[PDB]
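# Have a look at this fold, sequence not included:
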Ligand SMILES: [Zn+2]
Ligand SMILES: [Zn+2]
């Protein structure tokens, strides 16, 4: 068919040079959400906000 709607490259944040706080697997699925909130998230050192908050 069309494989699926899994082209999460519309991420303005990555274009803006924003940080990413998710594992590759976690980014593949929730990339857009993995940049929210893009304010004062982790940064010490680096944690996956989805893996930090379980449900993964
Ligand atoms: Zn992104
Ligand atoms: Zn993760």
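Received, thanks. Residues are numbered from 1 along each chain as shown. Ligands and ions are numbered 1, 2, ... in the order given.
# how close does the residue nearest the centre of the chain sit to ligand 2?
Note on the chain: the residue nearest the mean C-alpha position is residue 34, at 2.5 Å, using CA atoms, centre = their mean. To ligand 2, residue 34 is 8 Å away according to CB to the ion, to the nearest Å. For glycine as for every other residue, the C-beta is placed from the backbone atoms N, C-alpha and C.
# Now that residue. Nearest residue, chain neighbours left out?
Excluding the flanking residues, the one nearest residue 34 by CB to CB, 6 or more residues apart in numbering is residue 22, at 3.7 Å.
# one step back: look up phi and psi at the residue nearest to the centre of the chain.
Main-chain dihedrals, residue 34, degrees, to the nearest 10: phi -70, psi -10.
# What's the local residue count around the residue nearest to residue 34?
Residue 22 is flanked by 21 other residues according to other CB atoms under 10 Å.
# List the contacts of it.
Going by CB atoms under 8 Å, 6 or more residues apart in numbering, residue 22 touches 30-31, 34, 48-51.
# one more time with 7 Å, if that's ok
By CB atoms under 7 Å, 6 or more residues apart in numbering, the contact list for residue 22 reads 30, 34, 48-50.
# neighbours around residue 48, how many?
For residue 48, the number of neighbouring residues by other CB under 10 Å comes to 19.
# That one contacts residue 26, doesn't it?
Yes - Residue 48 lies in contact with residue 26 (CB atoms under 7 Å); the separation is 5.5 Å.
# and this structure, which residues reach ligand 2?
Within the chain, the positions near ligand 2 by CB under 5 Å from the ion are 23, 26, 48, 50-51.
# Out of the residues you listed, which sit inside strands?
Secondary structure assignment (DSSP state E) places none of those within strands.
# Turn these into TSV, columns for distance to residue 13.
Shown next, in TSV, are these (distance: CB to CB, whole Å):
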residue	distance to residue 13
23	17
26	15
48	16
50	16
51	19
